[PDB]
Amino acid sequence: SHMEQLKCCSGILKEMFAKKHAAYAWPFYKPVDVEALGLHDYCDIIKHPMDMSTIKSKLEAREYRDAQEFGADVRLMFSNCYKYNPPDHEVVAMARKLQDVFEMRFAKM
C-alpha cells in the first residue's frame, strides 16, 4: 500500500541522515549554499535543486503520492550533483556512496 510504502521512504531517509553515513551524506542534508565561493553558477546549471531536508519536508506535507515520487526526488538530488560537478570531484564520490545506501534500501522495500 502507498501508506506503508511512504512509511518505508521515511525510514530510508532517516538512515541517510544517520551518523553511520554522515562522512559522505553531509553535502546533501540541506539546500546547496548557492552564495558560497565556487557556486555562483549553480542556479544556471541546476534548474530543479533538491536536498534531503526538502525531501523530509515534502514527506511531512504529503507531497509524494507513492514511493516512486519520493524516489524521483532522491535521484534528482544525486543527478544534480552528477550534472553540476566535474566527474573527479570529491562530492561526486560522496554522492555515489550515499546513492549506494539509497538504492540498496529502495530495491528491498
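Residue positions are given as counts along the sequence shown, with the first one as 1. Only the largest set of C-alpha atoms that superpose within 1.5 Å between the two forms is called the rigid core.
Per-stretch RMS Cα distance to the displayed form in 7 other deposited structures of this protein, following rigid core alignment, is highest for 29-37 when 29-37 and 79-87 are compared. In a rigid core superposition of the other structures in 7 other deposited structures of this protein, 38-46 and 58-66 differ in how far their CA atoms stray, and the farther one is 38-46.
Set 53-61 against 70-78 and average the Cα temperature factors; 53-61 ends up higher.
The PDB entry reports B-factors from which the mean C-alpha value can be compared for 30-38 and 80-88; the larger average falls on 30-38. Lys19: CA B factor in the highest third of modelled residues in this chain (values from the PDB entry). Sort the chain's modelled residues by C-alpha temperature factor and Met104 lands in the lowest third, per the entry.
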